[PDB]
Each structure stands twice: as structure tokens, then as C-alpha cells.
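Below, in C-alpha cells: the form deposited in one PDB entry, a single chain.
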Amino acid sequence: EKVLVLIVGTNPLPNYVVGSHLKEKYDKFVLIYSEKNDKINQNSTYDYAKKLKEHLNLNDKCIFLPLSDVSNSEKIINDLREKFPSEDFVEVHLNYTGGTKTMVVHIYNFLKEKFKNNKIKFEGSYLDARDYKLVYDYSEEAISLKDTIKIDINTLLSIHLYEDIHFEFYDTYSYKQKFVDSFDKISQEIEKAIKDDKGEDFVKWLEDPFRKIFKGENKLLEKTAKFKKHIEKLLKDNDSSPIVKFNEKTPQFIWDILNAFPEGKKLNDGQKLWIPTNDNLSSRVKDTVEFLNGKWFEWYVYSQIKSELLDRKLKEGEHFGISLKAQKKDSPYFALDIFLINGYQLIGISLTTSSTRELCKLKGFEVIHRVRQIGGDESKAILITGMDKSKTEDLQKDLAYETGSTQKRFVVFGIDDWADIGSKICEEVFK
């Protein structure tokens, strides 16, 4: 009988990886977790322990071992002496990656002593987050797990206690349905413009005049009356009106983008703004305005990454996708623009066409927190912005947080990366 002992902290991912790699070699699994004691400010990791048992399919081979106090050696040793299985194991393997420092020292030294009898082989190991290696005590076996252990997005979110997972594929992208028969032409025209280095020109026009016409009061594009009132206000600026700029200063590559939309979903009438039924207005403008206001950039980047990832053995749906959402039980949903899994490292990618320092900064804080919540503390966050290189470098330094590794866990791309964004993400993710 051979037993593997895992220490259940609040990062289930390392225990999942070690367990996936070693489960075949063991007959019993002891998951050591914390009880909830509100009066010493101690939450339980039982919920993680259950998820580990569940996704590692341990079933009847799993023993759960609760510790009443994970900060007190005395009580830790007391609970171990009382509760640790007293069977005649021939090998006891403790992986001491998870948990508090005291849990580690005292579980380690408890087990080494309890099983000192040389009929029993004691082994300790540790999953190194920096170099993706399982290191054994005194053995220098040093096996890299970086490329060997895989996880899909459903398992990753599940062990971090997220549920109701939804995302989209290239074949299920929602705007492909909203723009029937025209999506490909639309996305081609946009991809052509970005590859021709017109992204900055595009975002400038989107900011002015596009957002000045089609973004104002809430439900502006849902009530024909409110929209015409907005049109007549802007016409008061005369030659300085956004409408005049729309009609007279729009570049040909933007007219071609606008004219790629289906006849009944175009913002223009000839080379002129369409000046207006509420449901007929919504059917004409709603999806088109929402797509042009930024969703297009989500699709563009996703289609640039897909190719590279297909060559790399990743499986769409399991290892990458677009428009990820999920929730903890009875809790609000998050939204992440693009996810990618390299081995067992989550890379969350957040996209904005903004060039403004303040807005991109806030999006940075957001993507850092989300990948931590859903993929754990060793996840990578990428922010793709419309900022110049100087601003992206500042933002990287501004939000950098130190965790002991030499590689950045928060990376910022900018307007000059848009044309070759697939290659830039390939380089950054697969290092």
C-alpha cells in the first residue's frame, strides 16, 4: 500500500498537477485541509479538497483529513496524530506545495517520524511554480511537468469553484449570426485595414465622429425619437458637427468597412449618414454599432491567434476560446475576452481599442484580478490596447507586482502590435 499526501491550500491548481502526474503510482490519497473557524479568521479549503477528489477521480482511495487550526503547530500535530490513517503503508509520499508554512513543516516532520521504519520509504516533493518542475527531496530527479500535464478550461474553472461555464468558438461566434452572409466580408475588410496599419486611423475615427453620433444617452439607438433629437443637436454645430465630419472626412477604407454590412444593417445611406420605428431602428443599427464600437477587435485578435494555436496542438474549446463567462455559486458572472491555456498555465487576454492612459490602466487591474480568481496565483494576464509603445511600457511598470519569478505575469501590447498580433502573442505565451 502506497499513499500520496497533498496539502490543500487555496491554490488547488498545483495539487491538481501533482496529482495528475502521480496518481497512477499510488493506492491511497490523503488530502489535508482546513476546517472553518470564523473566530480565528480561518476559512476552510474543504471545497477545494472536494474538487481535487472529483477531477482527479480518486473515489474511495481518497481520505480527507481536517485540521482545526492551520497556524498552530501544537494543534496541527495533535490533529495529525489523531486522524492520520494508521495503516501499514510501504511508501508515504508527501507533496508539500500547498498550505501554510506551519502545515508544511509539521506535516512533513510528523510523517517523516511516524514512518521512520526503513521498511517504509519516505519521499517529499514540491512543485516549483517558477520553472514548472516537480522536485524531489534529496533526489534531484527534477521532472519538468510544463509540457506533460494538461488541463482544459472547464476543469481549471471548476477546481477554482466557478460554474456555469460558457464561451464561444470561431464557428459559434455570435456576430456571425447577427450579420448573415456578410460577416466574412466585414471581418476581411477590417482585417485588411489592420494589416495595412490603419488601426490607429480607425480608432481615431471611431472616437470621432462615430462615438459622438452613435453613443450618447442610454437607449439612444433604441428610440427613433431620442436618436433624431441627438441628430438635430449635432447639426447645430454646423460645419463643426460630427455629422459633417462623418460625411466629408471619412477615409475610403472606412467607407468600405461600413458598406460591407448587410443592406438592412448599414449606418450610412450612400456616402452619408442615415437619418431616420423603434424596432426597425434597433434592427438596423444595434448590432452594427455594438460591433464597430470594439467587439470587432475581440474577433480580429482571436482570428489572428487561432492559426498559431492550431499548429501548436491546442484544442479550441478546451485550451482556447472567446467571450468566456462563469460564476461562483450565487455570485455575479465575470467576462474575459479571450482565454488560452499553455500546458497548465492560464493566459487571460483582455482587449481594448482605447489609447487613453486612465482607461487602459483600469482594464489592466481588471484582467490581473480575473485571471488570479479563475486560474490561480500563477496565471498570466495580457492587456492589448491601442496605446503607443511608450504608454504600454509605463503601464507595465505601473501595475507590475512581484511574486518571485523573473518573467512578467502582466504584459501590455499596443497599437503598433496589432498587425502582427498573432505572432506577438505566440512569442509571449510559449516561452
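The numbering used is simple: start at 1 and walk along the sequence shown.
- Per the record, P276 and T277 are separated by 4 to 9 deposited residues that have no coordinates.
- Stretches 88-96 and 125-133 differ in mean CA B factor, with 88-96 having the higher one.
- According to the PDB record, 200-208 carries the higher mean C-alpha B-factor of the two stretches 101-109 and 200-208.
- Going by the entry's values, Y26 shows the largest Cα B-factor out of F365, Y26, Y48, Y401.
- Residues shown: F339, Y333, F227, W299. Highest C-alpha temperature factor in the entry: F227.
- The entry lists a Cα temperature factor for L52 that places it in the lowest third of the chain's modelled residues.
- Placement of the Cα temperature factor of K391 within the chain: middle third of the modelled residues, per the deposited record.
- Ranked within its chain, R312 lands in the highest third, by CA B factor from the PDB record.
- When the modelled residues of the chain are ordered by C-alpha B-factor, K361 sits in the lowest third.
- For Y344, the recorded CA temperature factor ranks within the lowest third of the chain's modelled residues.
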